[PDB]
Every structure is written in C-alpha cells, then in structure tokens.
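Working notes, beginning with the structure itself.
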Ligand SMILES: CC(C)NC(=O)N[C@H]1CC[C@H](Nc2ncc3ccc(=O)n(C4CCCC4)c3n2)CC1
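Residue numbers (this note's numbering): 42 to 381.
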C-alpha cells in the first residue's frame, strides 16, 4: 500500500521510496546525512541526502531552498545532477524532511589529494574543476567556498562539484560543526568584494595541496589564516592595500611583514614527478599555473578562461531570490519546490 519505508542509519531515520534499497551511510556534512543505495527502477546506485527540517532557521532554509532550485535548473557534466527529490510527508502541515537523490560517486577530493597523482590525472581533475566553475560563472553563480570536501570523483576520474557556495547576503548556528575556511580567497578572508576569479584562488589551494599533500593555509580563524598566506606568498603590494576599506587596511598594513617565498621554494622539484622529459616539462608548467592562481591581489590573478587555455590544462580542451522570510514562509517555499 504505502510507497515508502523506513530504516535506521546511525542516529537518523531514513524514510525513503521503495525503489531505493540496501541503504548504507557514506558521510555526513552540515546540511545532513548521506547514504548510498540501489535504485531498483533505474538499476543503478544513487546517493541519498536527508535534509531534516531545513526550514528550521534562516541559514538552513536559504541553503536548502537555493540548493534545490539551482540543482534542478543547472545542467552540466561537472556539477552533481539531481536524479529525484521527495518527502515522505503527505501535507504542508506534516512536512518535515526532504530527500535529495543524486548520482553516486566513489570519493571526496580529500581522498584523492592524499594520493600520489600523475600529471595526466592532476591536469584532468583541474580541467574539469575549471569547466564546472566556468559554467557556474556563466549562470551567474560565483561559488566562493570551493573546497575538497564538496568535490567528488569517480574511479574513471570524472569530477563533479557538489554545491553552489555562499549566499550573496551572509548568519548564526547552534549545531557544533566547524566550517572549513582554508580554501577561501583573500577577498573573502578580508571582506573586500570579488569577481569571478575569486574561485581561482580556491583551485590554487587545491592544486597546491595535491603537490605538497599538506593544507596550504590552515589556522583557527581568518587571523591565523591571513598570517599563513603572507608568510608564504609574502606581504602584498601597496596598490593592493589601497583597495581595502579603511579598517581592514590598518589591520593588514600593521601585521608583521614577510618577503615571502619564490614558487620554486614553495613547490620544489622534489614534489613532482620529473624523471622523463615529459614529466620535466609538465612539472615546469604545473608550477607556472600555481604561481598564477595563488596570487593575493585578484587584479593580478589568472582568470578562469586564461587558466583553461594554459598549457598544463588545455590538452583536455574540446527567477532571482535572496530575501528574508519567517519559518512558516520558508517551510512552504521549500515544500512547493519539493512538490514541483
Ligand atoms: C571508505 C571509502 C570507500 N570511502 C569514503 O571514505 N568516502 C566516500 C564514500 C562515497 C561518497 N560518494 C558520494 N556520492 C555522491 C554524493 C552527493 C552528495 C554528497 O553530499 N555526498 C557526500 C560527500 C562525501 C560524503 C558524502 C556524496 N558522496 C564519497 C566519499
């Protein structure tokens, strides 16, 4: 009779359509819990994400609403695709949970970073990240929080980005969970305003970490993080700092100065495959792209288009809503998106 059934998966209770069999947990971010499952109707494996009471506050609601709207209308091979969406609840009054069904991938980028990776696979992963970012920028979406945990890959080295980043507004939370700030651009760190190549910084951080196998710019807060940035890349020029609001100008200009490191010193020959002439050249090219992505001043940083054109990468070449609402308003907005 009923077209749903329920099973326990850790703390949570997954109540899912009967087509979805043999649920297995595979991770848990901020918005919810995620299971792998077999889709008996499609004869394929899927990932199912549970959003619990997403309308419970502004922060969750805006994120859920945005993700649902964007995942449905954005169509690209390097952006995770929405296969199905449902709630087991029958009315707006009873409505609680939303379940998103997506293609099932094999790993996080975190896991891939830890591996020794050849240039063929590093450049291919980067290419795909850039193509995806490009797509988002063309659709009016500047991500600003690209990070390895929200990028997934398959064994065949296919790459998809999982989320659409920050809201243009931006907040307060209760759930004890730490946000990963390590990949954010200087302009996000310092609060400057940004353009599309804000996301290049993040790709630079990811690329660099693939080579060094350590997070480039860690720290408890933006204070420590900014210190790690300037210790490595050196203090930026005056031209840059003229672009900063008065109070953040004063902070940045009064921190201990550093000359920084050359990119050969930041990413030495040691870290690269460089045994054949092929690899010698690809290493050279790799460090050159890195040097162009990890630059503090966005005015001097490489664009997405110039990056896709770069020799390391080009071998692979081939409505609006952002407003405030109460709980009950959000709950209905999300419910009707779910019952399209
Ligand atoms: C032990 C070893 C075999 N694997 C492991 O440790 N982690 C894998 C296990 C399989 C995971 N696949 C996958 N596919 C689609 C999605 C879609 C949305 C989403 O939010 N996620 C989360 C990101 C990572 C956590 C879940 C998705 N995850 C990747 C991570």
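We put the CB at the ideal spot given by N, CA and C, even for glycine.
Taking DSSP as the reference, what is the three-state secondary structure of residue i?
i           : result
residue 367 : coil
residue 343 : coil
residue 91  : strand
residue 54  : strand
residue 78  : strand
residue 73  : strand
residue 313 : coil
residue 262 : coil
residue 155 : coil
residue 44  : coil
residue 355 : helix
residue 295 : helix
residue 238 : coil
residue 320 : helix
residue 381 : coil
residue 272 : helix
residue 224 : coil
residue 132 : coil
Closest to residue i by C-alpha separation, out of the options, would be which residue?
i           : options            : result
residue 255 : 153, 267, 286, 349 : 153
residue 355 : 171, 273, 184      : 171
residue 279 : 333, 290, 160      : 290
residue 284 : 265, 322, 251, 234 : 234
residue 184 : 150, 111, 128      : 111
residue 190 : 229, 263, 247      : 247
residue 101 : 211, 294, 323, 147 : 211
residue 332 : 244, 91, 98, 146   : 244
Please classify residue i: is it buried, with 16 or more other beta-carbons within 10 angstroms of its beta-carbon, or exposed?
i           : result
residue 218 : exposed
residue 195 : exposed
residue 62  : exposed
residue 160 : buried
residue 181 : exposed
residue 360 : exposed
residue 298 : exposed
residue 330 : buried
residue 296 : exposed
residue 374 : buried
residue 213 : exposed
Would you say residue i reaches chain D, if we count a Cβ-Cβ gap shorter than 9 Å as a contact?
i           : result
residue 344 : Going by chain labels, chain D is absent from the structure shown, which holds only one protein chain.
In the DSSP output, which residue or residues are listed as bridge partners for residue i?
i           : result
residue 202 : 120, 192
residue 144 : 87
residue 49  : 54
residue 68  : 75
residue 127 : 140
residue 61  : 80
residue 98  : According to DSSP, residue 98 bridges with nothing at all.
residue 149 : 193
If residue i sits next to residue j, beta carbons under 8 Å apart, how far is it from one beta carbon to the other, in whole angstroms?
i           : j           : result
residue 119 : residue 202 : 6 Å
residue 93  : residue 138 : 5 Å
residue 242 : residue 335 : 7 Å
residue 208 : residue 103 : 6 Å
residue 65  : residue 81  : Not quite, the Cβ-Cβ distance comes to about 15 Å (not below 8 Å), so this is no contact.
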